[PDB]
Amino acid sequence: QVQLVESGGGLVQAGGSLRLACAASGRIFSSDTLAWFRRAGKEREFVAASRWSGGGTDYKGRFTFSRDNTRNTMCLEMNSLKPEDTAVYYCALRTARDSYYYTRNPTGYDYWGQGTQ
Amino acid sequence: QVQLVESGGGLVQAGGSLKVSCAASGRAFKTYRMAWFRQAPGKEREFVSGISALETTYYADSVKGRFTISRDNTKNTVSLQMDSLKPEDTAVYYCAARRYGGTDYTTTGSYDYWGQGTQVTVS
Amino acid sequence: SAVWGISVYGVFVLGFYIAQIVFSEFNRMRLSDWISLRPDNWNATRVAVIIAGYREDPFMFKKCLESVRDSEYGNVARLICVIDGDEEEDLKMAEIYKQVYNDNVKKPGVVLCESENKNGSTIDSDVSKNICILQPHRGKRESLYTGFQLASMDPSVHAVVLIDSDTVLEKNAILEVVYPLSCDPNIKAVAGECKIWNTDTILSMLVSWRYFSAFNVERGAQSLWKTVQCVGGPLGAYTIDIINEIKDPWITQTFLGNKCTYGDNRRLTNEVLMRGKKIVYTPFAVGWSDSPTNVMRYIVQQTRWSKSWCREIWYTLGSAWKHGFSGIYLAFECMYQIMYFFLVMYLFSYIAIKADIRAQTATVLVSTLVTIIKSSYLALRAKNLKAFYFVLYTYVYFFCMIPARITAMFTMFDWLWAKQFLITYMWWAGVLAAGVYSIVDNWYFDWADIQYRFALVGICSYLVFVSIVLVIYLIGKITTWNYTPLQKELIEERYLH
Ligand SMILES: CC(C)CCC[C@@H](C)[C@H]1CC[C@H]2[C@@H]3CC=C4C[C@@H](OC(=O)CCC(=O)O)CC[C@]4(C)[C@H]3CC[C@]12C
Ligand SMILES: CC(=O)N[C@@H]1[C@@H](O)[C@H](O)[C@@H](CO)O[C@H]1O
């Protein structure tokens, strides 16, 4: 139903910044839960999530969540880098058809996108 | 089609009062415009007073403050009150009826119905 | 006597209308002041959406489900869908629901309203997952009780949202209807504004504008004193405590208004009112629903509504004593409408009998003037030039609602079509007879009288005005300017599939 394509990445030194963009093509009903994951040898960990309509949850003070709501495009820029934040980021979507509860468990995110870093 | 008849008049001295009435026979008298005309022996008929279906009163040549016109739909008749008569007012009075007409309400040809007329004299 | 009657009618209607406008404006201003003070992303109140329908168009049901899913409210607990039927034809709506939402569809063999245990835990076990219920076909009222029980079993929720299966909800519609509940603890129900999306019919636009004006003025004035009576479908809110308290009295009442449909919308609000709880209405919440396009269907629907109102007048008048100083406005407006109907009947009879051209012209002129003023106000408030079309509502009102009211009174006074349309046919025949008697009685021409000229000029101007308005409306049909922008999208989407 929905396809997530990720843009941005590359090799960045400890000092600097970069922007990661996740692209979608279709209708997401403006109610689905959108989250990000950092690591692929470790299990995926929660990074940040926010509803399409509004809101925002961290865990930060350094990473912020931004959307567009008109282009079906999203971005999450990262300020400053540390060696252990280098991993293959993933863009995931959670459907609200089953339930409206908000969970950080990656098993609830049925749809996933290929990483870039 | 309405037929007009006259009943009234008399021989009264100057300053007297007379009551002349006209009776019409027809189908719908409530929607007919009535008028009064007088013919002196030395001149032709002229409009003096008339009343429409909507109780509009028209007078000319001092008739505004001299004569009064009224109609009774229930009795199917029209009457013209006359007060402060003068010797020059001696003339035979003709009543007229009309159903369709325009702005002209003074000429004799505007009204398509007429009556036999009653003689009124002032002494 | 005619001059006195028309003057009294004009001044009385104008005064009552001005009072209603002032009340609605004050209510709108206080609601705007309340809204301006709320913080951003306010989702303190937890609400649940309940949808009930029967033999609904799958396209409309899917669009309603999508509109519900498009809501921006971030404190939605669950969605309750109840279908009044468990047959093969009733499964189409369940399949449509499975396409838009989860496949958690339940088909219980019993009805909660007719079961010893009315608790929702008998048919439901998990409260987090959305549930679909296919109850046995009993009626609309039974469907709502099951949704209330399903919402009541979860103590997390604090209010419920009631919508119809054909209602289209905006993104902010849910937030607006539930926001004023927390503003005043005495508020237990909130009404939502309803709009008619389809305006492709002459009757459809008239009823749409009538509904819009009604919501603006009468419901606004009632909300100013917080004594609204029309709260529920197709867009409304209810607190959990009041529905839990009054569910049993609402379902134990005897229902004979209609068969397998037409749930008791006003009776629930009357039950709330008789307990002394204030009820407000908000215009910011916008709902979209269809309207009948058939004159006969509109007539019978209005007749049913009139019978229901004539049944519940006693209850709505008795519910006003608890409010104390307030609540007298209900009796005032009821007397207003009753005297307005009686005055309309008396004026029509008088003009038919006396057949006076002078008075009829003045009456139609003043009626046209006041209707034009009302249409101008509607255009100013809605910021739309199409609100001037309300001037043609007088014809449809006179030809439909009055015979419907007579039929409603006759049915409950002290052959299926005989009791439905024969009265309307007799009323139309009587109107035609009165008109022909009036025209033949005054069949004359006299241009030497100013009053006759004035009457003819007035009636000719009225005919020219109505003719040019009809011509403009006809031109708008081909141009499709009269079409609602939301209607065009629905038409295009329907064309796509
Ligand atoms: C057989 C034919 C030749 C005769 C046809 C008769 C009708 C076309 C006319 C005659 C007199 C008119 C009526 C005169 C007065 C009124 C009251 C009016 O109601 C209000 O005043 C609403 C006030 C507001 O809220 O603005 C509704 C239209 C109505 C019935 C008019 C509708 C059109 C009528 C019936
Ligand atoms: C869906 C809805 O609310 N329908 C009501 C109807 O029950 C009531 O009889 C009528 C009386 O004005 O008003 C309508 O708005």
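Positions of Cβ are backbone-derived with ideal geometry, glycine not excepted, and every protein chain shown enters the neighbour counts. Read-outs throughout are calculated quantities, based only on the coordinates presented, and are distinct from any laboratory measurement.
How would segment C:329-496 be classified by its alpha-carbon gyration tensor: rounded, prolate or oblate, with rounded meaning a/c under 1.5 and the a/b versus b/c comparison settling the rest? Could you put the intermediate results ahead of the total?
On the way: a/c = 1.72, a/b = 1.20, b/c = 1.43.
Oblate, because a/c is 1.5 or more while a/b does not exceed b/c.
Listed from fewest to most Cβ neighbours within 10 Å, the set C:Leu378, C:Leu14 follows the order C:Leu14, C:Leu378.
How would chain A be classified by its alpha-carbon gyration tensor: rounded, prolate or oblate, with rounded meaning a/c under 1.5 and the a/b versus b/c comparison settling the rest? Verdict is prolate for chain A.
If neighbour count is taken as other Cβ atoms inside 10 Å, put C:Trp225, C:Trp4, C:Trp428 in order from fewest to most. Provide the component values of the computation, followed by the final result.
Working: C:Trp225 19, C:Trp4 8, C:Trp428 12.
By the 10 Å Cβ count, ascending: C:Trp4, C:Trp428, C:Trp225.
Sorting the segments C:433-440, C:152-159, C:355-362, B:82-89 by their residues' average number of neighbouring beta-carbon atoms within 10 angstrom, most packed first, yields C:355-362, C:152-159, B:82-89, C:433-440.
Listed by chain and number, the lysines whose C-alpha is less than 18 Å from the C-alpha of C:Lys322, apart from same-chain residues fewer than 8 away, are C:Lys188, C:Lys226, C:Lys277, C:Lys278.
Only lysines eight or more places from A:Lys82 in sequence, or on another chain, were considered; those with a Cα closer than 20 Å are A:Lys42, A:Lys60. Quick check on segment C:134-209: take the gyration tensor over C-alpha atoms, sort the square-rooted eigenvalues as a ≥ b ≥ c, and tell me if it's rounded (a/c under 1.5), prolate or oblate. It is oblate, given that a/c is not under 1.5 and a/b is not larger than b/c.
Residues C:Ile299, C:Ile313, ranked from the fewest to the most other C-beta atoms within 10 Å, line up as C:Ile313, C:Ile299.
Pairs of Cα atoms under 8 Å, at least six residues apart: use those to get the relative contact order of segment C:17-296, whole percent. Present the calculation step by step, with values, prior to reporting the outcome.
Working: 521 pairs, mean separation 72.1, N = 280.
Relative contact order for segment C:17-296 comes out at 26 percent.
Using mean Cβ contacts within 10 Å as the protection proxy, how do B:93-106, B:39-52, C:68-81 order, highest first? List each step's numbers first, then the result.
Working: B:93-106: 18.1, B:39-52: 16.2, C:68-81: 21.6.
Ranking the peptides B:93-106, B:39-52, C:68-81 by packing returns C:68-81, B:93-106, B:39-52.
Straight-line reach from C:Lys92: which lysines have Cα under 29 Å away, leaving out those fewer than 8 places along the same chain? In chain and number order, the partners are C:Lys62, C:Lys63, C:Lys106, C:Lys107, C:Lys118, C:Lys129, C:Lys140, C:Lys171, C:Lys195, C:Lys259, C:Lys488.
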